[PDB]
Structure formats: C-alpha cells, structure tokens
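Below: one structure, written as structure tokens.
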Amino acid sequence: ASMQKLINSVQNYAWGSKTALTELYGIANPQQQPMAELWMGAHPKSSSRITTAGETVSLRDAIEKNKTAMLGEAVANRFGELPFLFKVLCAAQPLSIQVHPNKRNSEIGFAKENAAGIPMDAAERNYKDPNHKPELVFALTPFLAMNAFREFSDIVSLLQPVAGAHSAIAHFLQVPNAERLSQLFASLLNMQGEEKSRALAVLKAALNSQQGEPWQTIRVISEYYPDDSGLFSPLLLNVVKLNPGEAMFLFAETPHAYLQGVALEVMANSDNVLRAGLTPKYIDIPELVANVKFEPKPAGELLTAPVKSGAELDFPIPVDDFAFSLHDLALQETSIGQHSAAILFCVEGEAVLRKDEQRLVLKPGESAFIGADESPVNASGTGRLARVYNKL
Ligand SMILES: [Zn+2]
C-alpha cells in the first residue's frame, strides 16, 4: 500500500511513565507497565511493522527487499538502510548525563571495543558506530533537561554557595577557565567515601538556603540520585525547560541529560554513549574527560531555530542523516513530498492522508511510513503532523 500505518514498539524500561502515552495518545496499558520509549523505524532489535494486505511484516525486512524503491536512490547509496530512529521518550525519572564522542574518537572506541570482541548489544558496550551520530530532541510536553556547560561567570556564581564542598571547586573559583573546569568535572566524578559525602553534605546545606533554579532541579534529581556526584551538574551545565514545540540539537563532546517530560527524539539506530553522572554504573573518567569539550554554550544558542515555509516548519540540522519538520494541517489539502522515505506522526489534532484512491487516518500518537517511490501525499485535518525524512 502507498501509505503504511505503523505498528510500533514500546520499550518498557524501568524509568518510563506508566501513564504519559495512555494520557496523550490513548495507548493501552492495562498491566500499568512503565512505558519509556515508543519506537518508530527499522531498528534491528525491535523494528516497526506494517500489514501486507492482511498479515504483519517487519518494516526493516520490507526495506531490505526493496531498498531503492523504499529509501530513495540517495539514501540507499549513502547509508544502505533507514538512517534514523524516531522516538517518543517518556521520562518519569531523570536519566543519566551523557556525552556523545566526536567522529575521530568514535572510530577509535568502536575499534577498541570490536578488537576486545565485545558483542554489539552487551551492557559493556559504549560504542555502536564508527561515526558520530547527531540527535534532535523536540518537546511534546514541558521538558526538563541539561545541555552543555554554562558561561564561566554563571558557573562561578553558582558554585560560590558551595565553595567549601571540594578544593577542586575552590581551585575553579580562583581562576575560572576551561582547564580548571575540566579538573573540577573529573574531580567531582571521582570523589570517594568521605570526600564524596563531605561534598554532598555541603550541597545539601545549600539546597536549604538557595531558592529557584537550578537548586530546585537539584532537589528533584536528588530524590533519585541522592548519592550521586552528578547532583553538582546543574551548577555546571545549562538547565533548560523546553516548552512544547521547542527543540535542541545535541552536539558531540557535550554533556546532556533528560530530566522530565515527553519528547520526540530523532537519532541513528546506533550511537555512542559515555556516561557522566546520574548513574550507578562505573565511569572511565580519563576517557570521558578526553571526550569532552570544556567550552561554555550561552543560553541563547541552545534551541535550534526553526524555519517556517508555508505550512512547513523545518528544524535545520547540520547532518545529512535525517531531517525533521512539523506540518500544520488545515482542512484544505497540502502536499507533503520528499525524496526519501518518511515517517509521519500525528502530534495533535488528526491527520487525513491521501494517496490517489487510498486514504488513511492518524489520530494523535499514530504514525505511517511513506516509501520514497510514494511521495508526495496530501494531508488535511487539524493540529500538526511531524515528519522525519532525509533531504539529500
Ligand atoms: Zn544523547
């Protein structure tokens, strides 16, 4: 069929919302499982599925038999597969701080782990691609997060109340530069026993005499990671609240975290992750440090600025891998065309999609796959349609 309603995986990771997807989209959850992620794509560990005409088949399997017709010649020749995973994330808990290594260091890490024969899907495994994979997050409900290091004077101002927590903090305050920020970071991560509890106790005292942000975020996080050096991170990293509709592109070598809410996320199937706190897992600190750019990002540069053309709101991404756009539906049809495969996801309202004689309804939280050889489709309705595709 021209258009293909997707049967999508729900990953029930422990940190998921028992309710969000049900509330938002009317997805059934009788057993009240935590629903962390809704997957839309062709990931080899849990592909989306389509219905033959009336049996269900893997979308990954269907692409593989029909690569050029389904992906477009461009995508088939650049990547050889669907180059994106599209997700709905429901953080009912705050998640680990993460860094994605750059291209050079990803190749090395990918090769190091492969030389040691670590299976691609082991917990030990941190590098699943030789490349640096980009990542876009797009807020569906108010979405709390950290992203990148704050401006140095901003960090100074935030550390003053906790100056006595660790000498590495005092060191930074004296000369607040990139180098000492690096030593401060590593030092917090490596605190042990009574050194760590000493620093935690200073921070806790502070929480009792400081108001608003990012103190309030630390208070929230501490309910889940009360014994984590990561509690110091909102003093170092930018605490952002995305409103519905806003987006952030996550650069390499830049610590970030998802703390609360529901969001769309676009990524590769395979990425590389170094953990930088808010985790019980062991961290290789020198490696982490070697993969971090200790460079402030001013607040005004956090959100990717969309570009509106007609009914199309594009979110420009400095990568060839995937593109992201939001389409305002109206009752009069507009044309949604691309040179590649595309996944269409109704954000809100309701979409009618038309292809010649075929028509297909998406209520909020539902998605269809459009093979390259089937563009364009006509869309009408109310609310908003989200599209992941490829511009090449
Ligand atoms: Zn990430």
Side-chain angles (χ1 to χ4, degrees), residues 4-51 56 58-60 82 84-98 121 123 135-145 220-221 223-225 241-248 250 256-271 273 275 278-281 324 343-351 362-369 383-386 388:
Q4 285 146 302
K5 187 144 170 174
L6 288 157
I7 294 140
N8 300 320
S9 305
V10 178
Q11 293 287 352
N12 294 124
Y13 303 135
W15 49 264
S17 191
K18 302 191 197 213
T19 62
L21 290 178
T22 313
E23 295 194 75
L24 282 165
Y25 301 139
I27 288 179
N29 191 22
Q31 308 306 356
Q32 286 297 103
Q33 288 275 279
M35 308 184 280
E37 309 185 340
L38 179 62
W39 282 15
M40 287 159 294
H43 194 274
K45 273 297 179 62
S46 205
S47 168
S48 290
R49 318 181 60 88
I50 54 180
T51 63
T56 216
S58 159
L59 167 66
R60 188 179 159 85
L82 190 67
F84 55 76
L85 196 51
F86 194 22
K87 281 176 187 189
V88 172
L89 266 21
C90 316
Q93 290 186 17
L95 317 176
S96 313
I97 310 174
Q98 299 186 7
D121 48 22
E135 197 171 60
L136 183 62
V137 74
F138 167 99
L140 292 170
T141 64
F143 185 77
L144 191 69
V220 164
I221 289 161
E223 276 189 28
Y224 292 91
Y225 304 93
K241 231 261 205 321
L242 305 193
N243 298 313
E246 290 173 345
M248 286 203 293
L250 312 147
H256 57 278
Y258 299 153
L259 300 178
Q260 179 168 235
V262 187
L264 294 176
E265 186 179 47
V266 189
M267 57 192 302
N269 299 102
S270 293
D271 83 332
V273 183
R275 277 177 251 85
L278 309 181
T279 179
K281 292 181 198 296
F324 185 69
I343 290 188
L344 291 166
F345 170 80
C346 178
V347 162
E348 51 180 47
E350 163 175 279
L362 303 179
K363 289 154 54 222
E366 289 180 309
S367 48
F369 170 87
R384 288 173 103 196
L385 208 51
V388 182

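The figures that follow rest on heavy atoms only: side chains count, while hydrogens, waters and symmetry mates do not. FYI, the numbering just counts along the sequence from 1.
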Is there a side-chain contact between [X] and [Y] (heavy atoms, below 4.5 Å)?
X: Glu366; Y: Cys346; value: no
X: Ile7; Y: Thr51; value: yes
X: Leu140; Y: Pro244; value: no
X: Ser367; Y: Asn8; value: yes
X: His256; Y: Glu135; value: yes

List the residues meeting side-chain hydrogen bond (donor to acceptor under 3.5 Å, both in side chains) with [X], not counting sequence neighbours, and say none if there are none.
X: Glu37; value: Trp39, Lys87
X: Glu350; value: none
X: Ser9; value: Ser46

query = Is the backbone of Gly41 close enough, under 3.5 Å, to the side chain of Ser48 for a donor and an acceptor to pair up by distance?
reply = yes
inquiry  = Quick one: does any side-chain atom of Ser96 pair with a main-chain N or O of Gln98 as donor and acceptor, under 3.5 Å?
reply    =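 Side chain of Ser96 to backbone of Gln98: no pair is present.
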Enumerate donor-acceptor pairs with a distance under 3.5 Å from any side-chain N or O in residues 25-36 to protein atoms, sequence neighbours excluded.
residue	atom	partner	partner atom	Å
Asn29	OD1	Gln32	N	3.4
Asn29	OD1	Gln33	N	3.0
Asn29	ND2	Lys18	O	2.8
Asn29	ND2	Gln33	O	2.8

Can you sort out the partners of [X] under salt bridge (charged side-chain N to carboxylate O under 4.0 Å, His left out), two or more places apart, ordered by chain and number?
X: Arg384; answer: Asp328
X: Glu246; answer: none
X: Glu348; answer: none
X: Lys45; answer: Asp121

State, to 0.1 Å, how close [X] and [Y] come at their nearest heavy-atom pair, and which atoms those are.
X: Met40; Y: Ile343; value: O-CD1, 3.4 Å
X: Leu264; Y: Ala386; value: CD1-CB, 4.1 Å
X: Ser47; Y: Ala42; value: OG-CA, 3.7 Å
X: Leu259; Y: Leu278; value: CD2-CD1, 4.4 Å

So, taking the atom named [atom1] in [X] and the one named [atom2] in [Y], what distance separates them when rounded to the nearest 0.5 Å?
X: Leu38; Y: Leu6; atom1: CG; atom2: CG; result: 9.5 Å
X: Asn269; Y: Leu82; atom1: CG; atom2: CG; result: 7.0 Å
X: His43; Y: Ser58; atom1: NE2; atom2: OG; result: 12.0 Å
X: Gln4; Y: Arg49; atom1: CD; atom2: CZ; result: 13.0 Å
X: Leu242; Y: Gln260; atom1: CG; atom2: CD; result: 12.5 Å

message = Going by the rule ring-ring contact (aromatic ring centres under 6.0 Å, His included), which residues pair with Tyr225 if we only count those two or more places apart in sequence or in a different chain?
response = none
message = Test of understanding: with ring-ring contact (aromatic ring centres under 6.0 Å, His included), list the residues that count as partners of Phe369, not counting sequence neighbours.
response =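 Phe369 satisfies ring-ring contact (aromatic ring centres under 6.0 Å, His included) with no other residue.
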message = Is the distance between the ring centroids of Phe138 and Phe143 under 6.0 Å?
response =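 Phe143 vs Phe138: aromatic centres not under 6.0 Å.
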key: Results of side chain to side chain contact (heavy atoms under 4.5 Å, CB included) for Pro44 - residues two or more places apart only   = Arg60
inquiry  = Going by the rule side chain to side chain contact (heavy atoms under 4.5 Å, CB included), which residues pair with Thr141 if we only count those two or more places apart in sequence or in a different chain?
reply    =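 For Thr141, the residues satisfying side chain to side chain contact (heavy atoms under 4.5 Å, CB included) (neighbours in sequence not counted) are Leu24, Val262.
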task = Quick one: do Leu385 and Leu362 satisfy side-chain contact (heavy atoms from CB on, under 4.5 Å)? Show the steps, please.
result = CA-CA 9 Å; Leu385 208 51; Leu362 303 179; 4.2 Å; yes
